[PDB]
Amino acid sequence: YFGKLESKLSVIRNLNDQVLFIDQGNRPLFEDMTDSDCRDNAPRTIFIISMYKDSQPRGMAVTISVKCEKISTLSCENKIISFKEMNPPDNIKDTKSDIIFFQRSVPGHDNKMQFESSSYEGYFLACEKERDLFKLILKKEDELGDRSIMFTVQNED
C-alpha cells in the first residue's frame, strides 16, 4: 500500500522537446514550446508529480496530476492513457494502481525518465504520433534504448 509524501511541479517533455499537456478532451498530448516566455507555460502544461512511500518498496512510485478548474490525474485503466477528474489520494490500499507509475532513471541517459505502469508490469508511458497529434500512450517495452518512452522532467518550483 502507498502513502503520499511531497509533490513537485514539473514540465514533462518528450524526446523532441515538446511539452506534455491536457487537451480539451482530457487527452494527454505534446506541443511545441519555446523556453523564453512563461505566459506560454500554461496551466494545462504544469504537472504535479506526487511521490508515494510504499509498504513493498519497488521504485519511485508517483501520480501525475494537473490543477485546472478541477484537479485531474493520469490513469492507465484498461491500458489506455486518460485523465480522470480526481485528486491523488493520501493513501492507496493496494500494491498496484492504475494511477501509480514507477518513475525510473534511463540507465545510459542521466537526466531522462521512464514511467512504468504499476498495474501492467513492463508497460511504459510513450509518445506516438497519429495524424497531427503527438499522443501519450501505454506501450509494452519491446526495444532496448527505445527513445519513445524517455522523458525529461523539468522542475518548476
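The first residue of the sequence shown is number 1, and the count goes up from there.
As recorded in the PDB entry, 35-43 is the stretch of 125-133 and 35-43 with the greater mean C-alpha temperature factor. Of the two segments examined, 107-115 and 62-70, it is 107-115 that shows the higher average Cα temperature factor in the deposited entry. For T95, the recorded CA temperature factor ranks within the middle third of the chain's modelled residues. Split the chain's modelled residues into thirds by C-alpha temperature factor. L15 is in the highest one. In the PDB entry, a CA B factor belonging to the middle third of its chain's modelled residues is recorded for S55.
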